[PDB]
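Asks: Sharing a structure, written as structure tokens. Questions coming.
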Amino acid sequence: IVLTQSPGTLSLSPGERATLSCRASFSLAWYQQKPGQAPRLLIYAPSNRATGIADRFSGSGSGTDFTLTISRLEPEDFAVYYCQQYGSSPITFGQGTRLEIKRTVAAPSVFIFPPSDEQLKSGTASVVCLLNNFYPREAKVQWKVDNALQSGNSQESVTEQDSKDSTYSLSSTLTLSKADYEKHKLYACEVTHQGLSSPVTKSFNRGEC
Amino acid sequence: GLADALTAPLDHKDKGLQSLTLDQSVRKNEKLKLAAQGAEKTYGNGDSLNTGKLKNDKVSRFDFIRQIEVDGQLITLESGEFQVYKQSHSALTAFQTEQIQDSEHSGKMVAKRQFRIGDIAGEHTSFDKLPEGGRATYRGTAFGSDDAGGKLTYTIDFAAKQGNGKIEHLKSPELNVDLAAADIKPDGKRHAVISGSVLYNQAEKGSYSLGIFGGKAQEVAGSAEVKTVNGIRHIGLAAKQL
Amino acid sequence: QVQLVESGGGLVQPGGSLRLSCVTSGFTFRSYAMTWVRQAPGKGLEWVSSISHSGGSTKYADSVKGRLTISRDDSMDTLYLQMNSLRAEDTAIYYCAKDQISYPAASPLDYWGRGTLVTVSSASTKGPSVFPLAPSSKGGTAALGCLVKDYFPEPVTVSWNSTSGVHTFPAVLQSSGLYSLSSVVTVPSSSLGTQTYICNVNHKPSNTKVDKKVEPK
């Protein structure tokens with residue numbers, strides 16, 4: 001039995017009603033996992049609740065379509081939820097569903113950081129671009145050396161939704177060798193975002209400030 | 001050995017008892033699942049347990065889960081350990097419960113350890129064709145909750161059609177009782193049964209009942225209900241002649 | 001007052017062996033089935049194995065069957081997972097869980113341990129290199145940070161000058177099998193050339209303490 005949870009992500013406000021769906025092909029269970037914590041048992045068939053789980057949560061449905069309903073969203077209820085069938089071996093889990101806090105679009109504050117002279121001595125150069133306090137999560141950073149367009153050398157890392165302003169932070173890291181680094185002057189960071197009328201670009205010339 | 005009972009088909013060179021019909025062990029619409037090692041097998045009411053692959057004069061242990069479907073939901077009625085004691089012409093089962101369904105909350109489970117006897121079956125000796133006389137000594141096993149090491153000794157005087165025995169070496173001293181003298185009476189199906197009192201310094205501490213099995217009355221098998229200070233305790237009984 | 005505590009996780013070569021332990025407390029161990037569940041980095045939960053209350057019946061997922069063996073010792077309230085022929089796709093955080101009933105893999109998992117990390121790769125233990133992300137010279141705030149590059153296994157702890165405005169990004173597995181994360185902090189531009197900003201980077205998989213200074217220029 002393959003379980004598919006639709007949709008993959010749910011952006012809601014506190015006090016709003018959340019609907020989470022898990023499809024079959026019973027007995028099903030639900031689990032909650034907060035960033036950096038182990039999963040916990042939420043409800044189980046039909047709608048029994050574990051000890052310390054408030055009445056906010058409830059489940060329903062039979063056949064294939066099963067639903068986890070949170071009546072009043074609380075700021076602590078924003079996490080990932082996995083469905084899990086047990087009355088049929090093997091045990092199978094769902095892929096999960098994020099509950100993120102709702103807010104309006106926030107433009108990113110963009111910074112660029114040239115490689116340090118200590119890293120350059122070691123033989124490698126890393127150019128970092130920081131996309132701070134932004135929303136929604138989605139965006140790109142395209143790297144451009146001597147006003148080219150790099151590919152296959154950068155990696156992105158995105159933070160978790162902040163528990164105070166509901167924004168995200170992204171850091172893109174352009175990796176390349178020292179010998180390659182000193183052969184070019186212009187390095188730019190062009191960010192794409194819904195909050196930007198046109199992509200903001202941050203630049204630095206190697207050897208200057 | 002345990003996995004073979006759940007997966008292997010019937011071989012006739014397998015030693016008896018080869019078949020044990022699960023009547024009282026699985027109720028009409030319920031569904032009993034037995035697990036041992038990597039094997040597992042589902043049983044319904046009237047299905048046969050392949051006791052031939054099991055060891056004789058030993059207690060075999062299976063993990064079990066009992067289930068029934070109500071409306072459109074598989075509620076787990078009971079979970080624990082399923083025990084089988086096998087002889088040549090008889091066999092009996094028992095359930096060591098660990099959790100049972102919360103009757104007042106559907107889908108919930110409550111911890112509760114009971115021990116009861118399930119199905120006592122085999123080739124029942126007909127009362128009319130019992131040994132017309134003589135005295136046979138049966139020796140075997142008495143097993144209860146978390147204890148399969150008690151000793152059954154029983155003797156039947158086929159001339160007087162009487163019977164008496166005792167239980168020894170069970171870890172709980174209240175359980176090592178005497179099986180008082182009782183009559184061999186016929187059943188409704190003309191099976192040969194013995195229903196008598198449990199004694200403990202010549203006072204009533206419960207009751208027992210055995211059936212005689214084998215064409216030559218080779219074995220007896222049954223159960224003892226023994227009043228204790230913390231309630232009734234059920235003990236499985238099975239013994240054979242030499 | 002149920003508590004599960006995993007241990008034994010660590011770095012393993014492909015083909016190597018590890019043994020995980022889950023010491024339990026707060027409940028009658030001997031009466032309940034136990035279950036192992038693993039979570040690959042950045043992905044969902046996957047059921048590994050379950051063992052009955054008696055230990056007489058065990059179940060495994062087909063992807064780990066034969067190479068992983070679940071076992072238990074009731075006298076020590078401990079659950080084990082013997083992991084052999086460990087492959088790269090066995091890298092995950094392994095959670096030990098308690099079942100509601102004695103029969104294995106037939107009930108919800110009502111209590112979970114805090115997990116232990118098992119890393120399977122050919123990379124060797126390495127302490128991180130820490131480089132400054134110095135703030136610009138040109139809103140009214142500035143961004144500075146520290147680049148923790150090339151370390152194995154996970155995780156690193158980054159504390160900032162022993163507080164607020166900090167973003168420590170999750171590590172990324174680089175193209176060379178080593179991890180790299182950045183930790184940035186936004187401070188007022190007024191504070192630049194006015195306060196020490198030393199970052200505290202600690203890596204115990206390699207026993208390395210390193211406090212580097214992010215200063216302007």
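Just remember, in the structure tokens the first chain shown is A, the second B, etc., residues are 1-based per chain, and ligands are 1-based in the order shown.
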What's the 9 Å shell around residue 47 (chain C), counting only C-alpha atoms, without same-chain residues fewer than 3 positions away, as a count of residues only?

Replies: 12

Asks: With a distance cut-off of 6 Å and only C-alpha atoms, select the neighbouring residues of region 26-28 of chain C, excluding the residue or stretch itself and same-chain residues fewer than 2 positions from it, and output the selection as a list in words.

Replies: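 Final neighbour list, sorted by chain and number: residues 1, 2, 30 and 31 of chain C.
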
Asks: Can you write just those residues out, N, CA and C atoms, as a compact mmCIF listing (two decimals), in the first residue's frame?

Replies:
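Okay, this is what ended up in result-v4.txt:
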```txt
# COMPACT_ATOMS: atom_id res chain seq x y z
N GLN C 1 5.55 8.88 31.59
CA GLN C 1 6.97 9.07 31.88
C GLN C 1 7.77 8.00 31.12
N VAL C 2 7.39 7.79 29.87
CA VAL C 2 8.08 6.85 28.99
C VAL C 2 9.22 7.59 28.30
N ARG C 30 8.62 -5.76 28.60
CA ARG C 30 8.54 -7.15 28.20
C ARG C 30 7.20 -7.46 27.56
N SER C 31 6.25 -6.52 27.66
CA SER C 31 4.86 -6.69 27.26
C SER C 31 4.54 -6.07 25.90
```

Asks: What are the residues of chain C lining chain B at 8 Å or less? Count only C-alpha atoms, and put the answer as a PyMOL selection string.

Replies: chain C and resi 31+52+54+56-59+100-103

Asks: Using only C-alpha atoms, select each residue of chain A with any atom at most 9 Å away from an atom of chain C, and give the selection as a VMD selection string.

Replies: chain A and resid 27 to 31 37 to 44 50 to 51 82 84 to 96 109 111 to 119 126 128 130 132 155 to 160 169 to 171 173 209

Asks: Using only C-alpha atoms, find the one residue out of B:212, B:5, B:26, B:117 that sits nearest to residue 43 (chain B).

Replies: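 Nearest candidate to residue 43 (chain B) out of B:212, B:5, B:26, B:117: B:26.
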
Asks: Just to confirm, what's the straight-line distance from CA of residue 74 (chain B) to CA of residue 26 (chain A) in Å (one decimal)?

Replies: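 CA of residue 26 (chain A) lies at a distance of 6.9 Å from CA of residue 74 (chain B).
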
Asks: Write out as an NGL selection string which residues come within 12 Å of residue 163 (chain A) when counting only C-alpha atoms, dropping same-chain ones fewer than 3 positions away.

Replies: :A and (34-35 or 74-79 or 100-102 or 159-160 or 166-168)

Asks: With only C-alpha atoms as the counted atoms, please give the residues lying no more than 8 Å from region 57-60 of chain B, apart from itself and same-chain residues fewer than 2 positions off, as a PDB file with N, CA, C and O atoms, in the first residue's frame.

Replies:
```pdb
ATOM      1  N   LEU B   2       8.748 -24.081  14.676  1.00  0.00           N
ATOM      2  CA  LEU B   2       7.553 -23.254  14.805  1.00  0.00           C
ATOM      3  C   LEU B   2       7.162 -22.641  13.467  1.00  0.00           C
ATOM      4  O   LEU B   2       5.973 -22.551  13.140  1.00  0.00           O
ATOM      5  N   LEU B  54       5.203 -29.591  15.246  1.00  0.00           N
ATOM      6  CA  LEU B  54       5.589 -29.198  16.590  1.00  0.00           C
ATOM      7  C   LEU B  54       6.219 -30.372  17.333  1.00  0.00           C
ATOM      8  O   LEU B  54       6.109 -31.533  16.928  1.00  0.00           O
ATOM      9  N   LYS B  55       6.888 -30.055  18.438  1.00  0.00           N
ATOM     10  CA  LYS B  55       7.540 -31.063  19.262  1.00  0.00           C
ATOM     11  C   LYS B  55       6.549 -31.655  20.254  1.00  0.00           C
ATOM     12  O   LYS B  55       5.695 -30.948  20.797  1.00  0.00           O
ATOM     13  N   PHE B  62       3.723 -19.062  20.152  1.00  0.00           N
ATOM     14  CA  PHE B  62       3.507 -18.193  19.006  1.00  0.00           C
ATOM     15  C   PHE B  62       3.016 -16.840  19.494  1.00  0.00           C
ATOM     16  O   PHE B  62       2.241 -16.760  20.452  1.00  0.00           O
ATOM     17  N   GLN B  83      -0.093 -20.498  23.018  1.00  0.00           N
ATOM     18  CA  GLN B  83       0.668 -21.658  23.462  1.00  0.00           C
ATOM     19  C   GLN B  83      -0.030 -22.945  23.046  1.00  0.00           C
ATOM     20  O   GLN B  83      -1.262 -23.034  23.081  1.00  0.00           O
ATOM     21  N   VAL B  84       0.764 -23.940  22.651  1.00  0.00           N
ATOM     22  CA  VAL B  84       0.266 -25.245  22.229  1.00  0.00           C
ATOM     23  C   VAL B  84       1.092 -26.325  22.912  1.00  0.00           C
ATOM     24  O   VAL B  84       2.325 -26.305  22.840  1.00  0.00           O
ATOM     25  N   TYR B  85       0.416 -27.265  23.566  1.00  0.00           N
ATOM     26  CA  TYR B  85       1.045 -28.470  24.089  1.00  0.00           C
ATOM     27  C   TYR B  85       0.555 -29.662  23.281  1.00  0.00           C
ATOM     28  O   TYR B  85      -0.655 -29.875  23.150  1.00  0.00           O
ATOM     29  N   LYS B  86       1.493 -30.436  22.744  1.00  0.00           N
ATOM     30  CA  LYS B  86       1.194 -31.501  21.800  1.00  0.00           C
ATOM     31  C   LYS B  86       1.543 -32.862  22.389  1.00  0.00           C
ATOM     32  O   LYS B  86       2.605 -33.035  22.996  1.00  0.00           O
ATOM     33  N   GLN B  87       0.637 -33.821  22.208  1.00  0.00           N
ATOM     34  CA  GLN B  87       0.905 -35.214  22.543  1.00  0.00           C
ATOM     35  C   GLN B  87       0.604 -36.091  21.332  1.00  0.00           C
ATOM     36  O   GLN B  87       0.411 -35.576  20.227  1.00  0.00           O
ATOM     37  N   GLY B 140       2.768 -36.204  32.934  1.00  0.00           N
ATOM     38  CA  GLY B 140       2.900 -35.143  31.959  1.00  0.00           C
ATOM     39  C   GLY B 140       3.161 -33.772  32.548  1.00  0.00           C
ATOM     40  O   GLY B 140       3.900 -33.633  33.527  1.00  0.00           O
ATOM     41  N   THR B 141       2.540 -32.753  31.961  1.00  0.00           N
ATOM     42  CA  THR B 141       2.866 -31.361  32.232  1.00  0.00           C
ATOM     43  C   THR B 141       1.630 -30.603  32.694  1.00  0.00           C
ATOM     44  O   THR B 141       0.517 -30.862  32.223  1.00  0.00           O
ATOM     45  N   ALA B 148       5.565 -23.178  32.560  1.00  0.00           N
ATOM     46  CA  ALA B 148       5.309 -24.419  31.843  1.00  0.00           C
ATOM     47  C   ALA B 148       6.041 -25.611  32.465  1.00  0.00           C
ATOM     48  O   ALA B 148       6.244 -26.619  31.789  1.00  0.00           O
TER      49      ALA B 148
END
```

Asks: Between CA of residue 138 (chain A) and CA of residue 165 (chain C), what distance in Å does the model show, to one decimal?

Replies: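 Going from CA of residue 138 (chain A) over to CA of residue 165 (chain C) covers 21.5 Å.
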
Asks: When distances are computed from only C-alpha atoms, which of A:131, A:68, A:45, A:12 shows the smallest separation from chain B?

Replies: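 Distance minimum relative to chain B lands on A:45.
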